[PDB]
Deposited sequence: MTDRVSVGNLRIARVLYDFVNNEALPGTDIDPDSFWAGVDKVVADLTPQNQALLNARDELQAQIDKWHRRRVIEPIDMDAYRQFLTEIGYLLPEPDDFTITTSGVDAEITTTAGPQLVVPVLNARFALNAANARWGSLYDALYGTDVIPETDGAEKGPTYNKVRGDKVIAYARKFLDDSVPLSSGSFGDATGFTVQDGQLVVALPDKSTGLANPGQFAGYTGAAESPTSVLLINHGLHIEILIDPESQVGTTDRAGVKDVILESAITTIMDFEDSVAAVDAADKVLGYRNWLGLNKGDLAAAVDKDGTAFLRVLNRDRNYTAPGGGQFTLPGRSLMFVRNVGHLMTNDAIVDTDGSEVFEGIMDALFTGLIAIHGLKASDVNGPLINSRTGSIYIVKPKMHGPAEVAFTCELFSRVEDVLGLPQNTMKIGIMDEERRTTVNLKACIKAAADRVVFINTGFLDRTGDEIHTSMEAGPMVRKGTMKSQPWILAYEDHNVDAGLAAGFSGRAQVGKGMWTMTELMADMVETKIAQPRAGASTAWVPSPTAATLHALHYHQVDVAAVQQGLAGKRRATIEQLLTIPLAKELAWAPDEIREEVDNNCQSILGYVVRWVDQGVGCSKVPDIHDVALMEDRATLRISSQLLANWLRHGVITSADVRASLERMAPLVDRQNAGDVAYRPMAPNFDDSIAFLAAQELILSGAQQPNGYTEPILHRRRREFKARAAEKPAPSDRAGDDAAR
């Protein structure tokens, strides 16, 4: 336990991992590496600390600003000049264009779904990386896109009618995406390859594609292919053919399945979807990350799950070519705020988890750039670039600091400059109002921006905590600030020249069980100009790819350039309740909803160390809860409590009223301790109660300190 290197005390469980598993193959001298680590942690920590204090300073000045201006309607011009003078608002920089080179085509060119997965879960990570290709049949059958109404529902045995509905859906999709010259795919009787072009055998005629350029390849014999590979809007569509199969004999063409290129890119998350409070957890995360970059990562289930090898097809000509079988992987480090053990000072204080993440993740990602016996067969980046998305950055200063950190890390690892690219999240109000500046700060490392509306909502609440009673969270979608936020985001991205160089991304779909609703509504994002959008599951990625097959994102971006449909005054518009009063029924509805949402997530975060749970709301609708939604739910209550809408008695009564209901949900597990009826002695209950009753004092409303504290406290009160 504990190993002293330089002025650092490094936990043994980390030192062993880094020196025995990560370092070998990176051609980096362990002594030189650790020395560089000590030097970086020494040089950048004070500059790092100044930023976190600036957050508390700025927030304090604004908090006081609301106190001495009560009841009266807020004067927006005074607000603007105030944020201007205090530094919260920065001048709009001179127009420019990024020059981030050495980026893979999956980011610069290809537009499609993007996955986000907790890296601590091997299975979900493997499925995420393998979600590059996903069955449309399984996605249509398994989900509610095809209703179980009049016709046929689901059951233990395969359903014929539902299967035919799925097939019909897929056929219509094929007709709409890669259309035939005349007729429909629903009438196809077979597929052949004659003279370098695709020939579809209809009962009436025989035909090719309306534009044969959409024919990308095939497998097997030319006159009897096992699969036909097509392409639309950069996304590949694969039609599996096996007339004498499980689904082939039923189909009138022998089509077994329709595989779609789904998750183009995948985010390996070390933040809001995971629970890592100590050294061992970080070691697990880094372990799975290492397995991902090496390619030897596996997970058993009566068989074993591994990463997909690259796919190989026959070109229309006759030669064999190869498409990527895995998703291009980003990795999301933690924010600047939180610290961690693992390595500590000579004194005894924790070290910024962000720096650690930069160094370690950066080090590990080197394996995924090369293909050998030491580094592992599977190669992540073909262009030789490390893609790291940095979340929760407050402004151009912090962005620039992340750039400096990345530069230093690249110096340590011996990587050429700008090897480690950055995915600037847009989920901070200051970052939102200084977006162009944040982009300019990383105008040679930026690979994407992204609307993280959840943390942006939470930050929006906490920033104007003292301004007055906010509205119910379910109303936040109708507020001007968030729409202006999205539009300004896309506009800034396109103005920066992201079209063909970088990605403009949009937030997550949380209703995991409402896939029909997702198909219906999520098409708004690619129609809004979003080069990419976040999906909760591989299936959801498969279903979300449809939108990109229907919407020409590139053309939308071309038709969106120059337009400025977002004013700064709309961005600073606080989502106050104005002069609206809710009925006690609505009040207690919102309170109980929030409390259930809090409990259901914090109980699994604290006890079982799960950073992302499928928790239902109060209307019995399964949502996907992580730190962001928890943050919104906590800050909302911390607002209503701090403005006399509700009291501590109300929130306690609601928590005690919703605690047994949450127990009902998790009463099927094995390692689940019922937090009832002894509410006072449950660490999870205390965690929730503190998250609510002290959320107003949390730095930028962040939920990391409390969660980590209670998680450590749980691990301690169970070790014996």
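Coordinate coverage of the deposited sequence is interrupted at 1-2, 304-308, 728-741, where no C-alpha atom was modelled.
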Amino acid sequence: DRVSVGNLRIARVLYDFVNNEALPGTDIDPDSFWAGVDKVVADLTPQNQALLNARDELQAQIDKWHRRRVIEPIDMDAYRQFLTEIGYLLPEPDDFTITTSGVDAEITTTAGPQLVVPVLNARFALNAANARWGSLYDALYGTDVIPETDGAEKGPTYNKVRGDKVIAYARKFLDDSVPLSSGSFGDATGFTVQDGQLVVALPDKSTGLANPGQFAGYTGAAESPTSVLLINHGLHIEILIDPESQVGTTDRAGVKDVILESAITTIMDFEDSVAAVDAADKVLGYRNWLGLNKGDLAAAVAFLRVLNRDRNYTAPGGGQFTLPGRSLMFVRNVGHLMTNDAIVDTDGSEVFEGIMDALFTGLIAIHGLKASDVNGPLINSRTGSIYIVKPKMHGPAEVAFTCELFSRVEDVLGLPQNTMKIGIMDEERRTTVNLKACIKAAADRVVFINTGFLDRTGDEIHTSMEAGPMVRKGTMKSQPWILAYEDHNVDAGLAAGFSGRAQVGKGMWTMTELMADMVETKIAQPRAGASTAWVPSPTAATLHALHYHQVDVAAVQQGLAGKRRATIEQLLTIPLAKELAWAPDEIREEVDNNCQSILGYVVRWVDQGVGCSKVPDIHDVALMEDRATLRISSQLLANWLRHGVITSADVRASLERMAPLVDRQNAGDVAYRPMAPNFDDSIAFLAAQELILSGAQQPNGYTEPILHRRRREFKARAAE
From here on, numbers count along this sequence of modelled residues.
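As listed in the deposited structure, the average C-alpha B-factor of 637-645 and of 102-110 is greater for 637-645. Higher mean CA B-factor, judged across 563-571 and 320-328 from the recorded values: 563-571. Comparing the listed residues 91, 505, 395, 500, the entry records the largest Cα B-factor for 91. Note on 78, 201, 299, 263: the highest value goes to 78, judged by CA B factor as recorded. Per-chain ranking of the deposited C-alpha B factor places residue 176 in the lowest third. Split the chain's modelled residues into thirds by C-alpha temperature factor. Residue 455 is in the lowest one. Residue 697: CA B factor lies in the highest third for its chain, per the PDB record. In the PDB entry, residue 384 places in the highest third of its chain by CA B-factor.
For residue 313, the recorded CA B-factor ranks within the middle third of the chain. Only modelled residues enter the ranking.
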